[PDB]
Amino acid sequence: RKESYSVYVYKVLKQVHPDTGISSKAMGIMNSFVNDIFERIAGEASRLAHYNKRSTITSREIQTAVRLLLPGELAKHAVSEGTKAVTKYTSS
Amino acid sequence: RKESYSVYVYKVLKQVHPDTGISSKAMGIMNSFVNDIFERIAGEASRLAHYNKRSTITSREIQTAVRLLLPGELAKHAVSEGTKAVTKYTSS
Amino acid sequence: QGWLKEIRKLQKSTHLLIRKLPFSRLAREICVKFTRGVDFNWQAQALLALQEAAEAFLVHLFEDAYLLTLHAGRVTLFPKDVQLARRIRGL
Amino acid sequence: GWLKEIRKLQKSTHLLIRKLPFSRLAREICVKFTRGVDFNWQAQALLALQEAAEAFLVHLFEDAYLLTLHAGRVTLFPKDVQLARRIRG
Amino acid sequence: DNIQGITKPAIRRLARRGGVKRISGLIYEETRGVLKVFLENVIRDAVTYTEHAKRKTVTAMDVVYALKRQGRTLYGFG
Amino acid sequence: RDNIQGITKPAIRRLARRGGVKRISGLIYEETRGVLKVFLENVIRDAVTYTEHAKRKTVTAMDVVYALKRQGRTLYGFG
Amino acid sequence: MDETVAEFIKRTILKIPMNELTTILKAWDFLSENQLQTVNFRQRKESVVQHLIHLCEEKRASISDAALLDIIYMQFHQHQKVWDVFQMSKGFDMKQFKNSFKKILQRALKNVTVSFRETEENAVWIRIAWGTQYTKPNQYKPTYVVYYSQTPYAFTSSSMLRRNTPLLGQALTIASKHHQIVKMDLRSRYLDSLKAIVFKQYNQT
Amino acid sequence: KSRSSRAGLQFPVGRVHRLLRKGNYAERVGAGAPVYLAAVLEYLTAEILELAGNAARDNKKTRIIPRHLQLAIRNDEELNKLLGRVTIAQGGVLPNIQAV
Amino acid sequence: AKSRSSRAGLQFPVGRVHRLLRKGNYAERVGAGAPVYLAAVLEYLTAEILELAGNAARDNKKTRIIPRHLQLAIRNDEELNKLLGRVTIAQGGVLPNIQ
DNA sequence: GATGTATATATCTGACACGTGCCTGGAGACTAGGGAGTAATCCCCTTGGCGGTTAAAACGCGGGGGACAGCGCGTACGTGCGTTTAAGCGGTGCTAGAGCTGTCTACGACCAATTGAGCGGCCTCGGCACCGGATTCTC
DNA sequence: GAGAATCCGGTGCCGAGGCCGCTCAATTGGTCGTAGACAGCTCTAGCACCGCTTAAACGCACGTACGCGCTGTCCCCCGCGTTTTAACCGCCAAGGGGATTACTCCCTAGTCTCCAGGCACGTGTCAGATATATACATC
């Protein structure tokens, strides 16, 4: 009844690694990681819905929030991967 | 068409001081002061509408936000003055 | 020597360098002085959380304040070093 | 000697870095982070850049000089400035 | 007492983790002092949340939120 | 052609006198010209983004105020 | 390729309205029509140009092709700018003229950018991007010259960047087979009025 | 009959309530909150301007300039911790001199 | 009858992020394409930090991730140290740093 | 004792406190429906205590290691002063660019049925933590 | 040139991952109001430049005030061995209150309607700025 993000982190770990197990405590760290970055970006992009006097959150505002909240090379890889996800989402 | 807080700061200054003038630049500082504290308190109390799984902002949440966002004696004077304003607001 | 082994040992393991019950009694003593009369229940995980934060803060403070003793040519810390290290940040 | 110079400069409030070299420096650095596109700074925003830069440098040299009196120096070496940034983070 | 539980070898191990080679003697007071002036600013910033949701129990999320507002974000214990 | 030497040899001296330093050393003149430059990048790259988002070729004062607020060094006096 | 011309092509196509963007891209003659068929022309403009750049990421790009796109963009927005009228005197293939003008201008300053385009009534549209001997040429503030082989007249676009006006005038006078250049009062917005006020006098001298 | 004068305040109440509706802070906004908020803002504004006016008076000038707010903030202890990460335009610094 | 992450080609969920981004009161209107992009960004960040953690896990001849491995994989990399600066990982310890 | 160091006033200069017109956002009214405050409950998580051990802290001691104070050489820095260069005023032009006013359309809230993806409880078994053993290293 | 540091092996143990039941929240689908992309027009305020002019930087010569390495002295933390002590483990009782559900009710939100307040504009006029000139404070 109280959800978390353990199953999805476990699926990503079994994707990019064959059999590397993860303890039940360190997984908790991953929860408080990715209940945190989502608090920043999807918080901070909300601020860019207020300075430009808008009311929506489209993909462009999240793109600029990722351009702000991350250092250089990691931000470049993230913005290169996200639109790659969106383009194969559009032609469903 | 673009509002500000100059008139009210001028009224408070003429209240607590007889004839002390204020320049048109320093008044601008007061704008960016009190478009800022209102961004903190009425921002941060919104967070206390989310941790307790509520949807309202009553006087009690603003009271706790003032208890958090201010150092000791200034917070004590502010919480002593605010309820004094509210009690003479209720019996209208 | 001796210290050269202890720095290698303590930087390897990830234990708790402060004992449990004195830190818990200190936290309860501080919590009593605010909003008196009533006691305050503590969950057993919250005191561990505050202990991990306090240990990480003090280790980071000593590691940051040590760099103002190699800078003066000395080897040894002083309370001047710690007070200056807090003066630089603004805490 | 210098003591009549400090107590004159901690009294006034005007800008110290001249406006046109700082404007040329900002227009130089800005064109590298926008893929070769010019911009048009409002005449108000360059004052904001210059005030933030002056406040940051004055606070930085105050903390660096606080470091210089610790080691017996009076002179402010470049070992002092590159250490008051790693402490502050 | 209730402050002398943070003994001399405790602060000594806290320093030896930090890379400090040789330690003076007066540190063992000031560190205790700064420890107190840390924990107070975590306690009341916690307990106000405890006084808001009207319960007599400080949860771990309250301390995590007090450290969130303080500046030092803590992971794991959420 | 020098492009960073608009910061002069005594302008750094005026900033050090405002800071309260009695006697500057030598290579500080080659050090501060680094540090300032780095700081301006972490404003201007952070301030060219906001004005890129609102389809404006004009970098207003509010954009630099927002970027400085996001860095942590809040600026009041303009707007 | 470099990572500067992509922003220029993106900004130029963002300035193009959707009413004739397919006309611009068919007249520009740089991509395959199958890749025109691939691109959705029904979603919003903030991703159509992303798809078009991603087409031009792979195959070919330059600064010259982007400049020629800029020329074709400027040829359909003559209502925006304000023009100036020159004339030479004291004195023919256009290939030698192109080579002479480009070599004289590249010997005058270090960094310039010249681009030509052939148009009927023997017209040539010359885009000039000025620069210095230390900086890149500013693409975003061009200078356009409408030159005719028959008439000694030339239409001149104004710009922010002055101080290269007598340099361009003397370099174009030496680049042509002439010795004198004038500067009349004729400064207006529409090209057809200047065309009429020149050609009613020139065809009927 | 206005809500500013009904509670005996000087800062507006309708504008603060308008900025709490359109500020995306909670889905519902009570009536007892923004009067409390405007009272706290009025107290902080008076707290700054009293010290600013006294420092302007002690410099024998009948006008408030940003150097006076700089002195009043950096000489007060509470506002030193409230505004500790604040730069002020046309600011200046404190008269700081120290020897060896 | 068809999953959102399966259209997205991702692994993090999409409907849960959209539910939180409506219920969090961040804006009064949520665009449809936003949480897919946001979930892809979160997936790339978690993939990067676990990809850096597993190499240090095999470096210590282990296959079970303890928090010390996450501490080292954060602090040794430069750009993640730029990102996760003011974060104290629980049960973490410090880098081997002498003199 | 001449060089600052504070003060009288000259006037002149422009910001600013103020007065008016005026557009629109704030107040009055009232229904309505979800938010929540109060009441009860039951378990579940915390508090208190008995007891025994065993690492862990406290305390003398001496010894080298280091901090501190003086000091001489010297060199890198402040200052004085003529030049020459670049910065400011200010004035003109003058046009790209903010913005803002309509429009129409794709698009996202809003809502009824429905079902499987994910959460709670459980059960190993291999990964791992610790304990004991065999192979290197500097004083 | 041998006690100390590193790698290795064996054994208990316990949490990590697989598995099932299930339920509620995410999906699918059809409806409608509207947020915002898009175009075009209009005022404005930022950039380029130029002539002047002049205030400040630049370059240099030089005197000398600190930087730094050295060295002597004296004190003062760290390692070591012994004694003492309280932290912890595991248990056992018990009970205070945290989480859950019900139920009414009340209080804020929406829409309409009316007008008083806060903003843009314009203007005389006092506050200070800077400048010169003259009475005190001092190494």
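Chain I is numbered as in Swiss-Prot; the shown residues are, in order, 15-113.
Per the header: electron microscopy, 4.0 Å.
Backbone N, Cα and C atoms are what each Cβ position is placed from, and that goes for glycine too.
The following features are taken from Swiss-Prot:
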type: CROSSLNK; residues: I:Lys16; note: ubiquitin cross-link
type: MOD_RES; residues: I:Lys37; note: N6-(beta-hydroxybutyryl)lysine
type: MOD_RES; residues: I:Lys37; note: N6-crotonyllysine
type: MOD_RES; residues: I:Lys37; note: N6-(2-hydroxyisobutyryl)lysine
type: MOD_RES; residues: I:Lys75; note: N6-(2-hydroxyisobutyryl)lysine
type: MOD_RES; residues: I:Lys76; note: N6-(2-hydroxyisobutyryl)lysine
type: MOD_RES; residues: I:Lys96; note: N6-(2-hydroxyisobutyryl)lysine
type: MOD_RES; residues: I:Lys96; note: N6-glutaryllysine
type: MOD_RES; residues: I:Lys96; note: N6-(beta-hydroxybutyryl)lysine
type: MOD_RES; residues: I:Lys96; note: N6-succinyllysine
type: MOD_RES; residues: I:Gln105; note: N5-methylglutamine
Rounded to a whole angstrom, what is the C-alpha distance between the residue listed as 'ubiquitin cross-link' and I:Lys37 (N6-(beta-hydroxybutyryl)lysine)? 24
Just checking, which of I:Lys16, I:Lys37, I:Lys76 (recorded positions) has the fewest C-beta atoms within 10 Å of its C-beta? I:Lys16
Note: in the chain of the residue listed as 'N5-methylglutamine', residues six or more apart in sequence with C-beta under 8 angstroms of its C-beta are I:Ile80, I:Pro81, I:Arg82
Which has the fewest other CB atoms in a 10 Å radius around its CB: I:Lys75, I:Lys96, the listed modified residues? I:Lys75
Where I:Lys37 (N6-(beta-hydroxybutyryl)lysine) and I:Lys96 (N6-(2-hydroxyisobutyryl)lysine) are concerned, what is their Cα separation in Å, rounded? 31
Is any of the recorded positions I:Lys16, I:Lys37, I:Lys75, I:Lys76, I:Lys96, I:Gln105 near chain E, in the sense of a CB under 8 A from one of its CBs, and if so which? I:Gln105
Chain A proximity: which recorded positions among I:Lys16, I:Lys37, I:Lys96, I:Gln105 have CB distances under 8 Å? Answer 'none' if there are none. I:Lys96, I:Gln105
Quick one: of I:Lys16, I:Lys37, I:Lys75, I:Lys76, I:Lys96, I:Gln105, which recorded positions have a CB closer than 8 A to some CB in chain C? I:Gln105
Once DSSP output is merged into helix, strand and coil, I:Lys37 (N6-(beta-hydroxybutyryl)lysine) belongs to helix
Rounded distance in angstrom between the Cα atoms of I:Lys96 (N6-(2-hydroxyisobutyryl)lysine) and I:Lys75 (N6-(2-hydroxyisobutyryl)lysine): 28
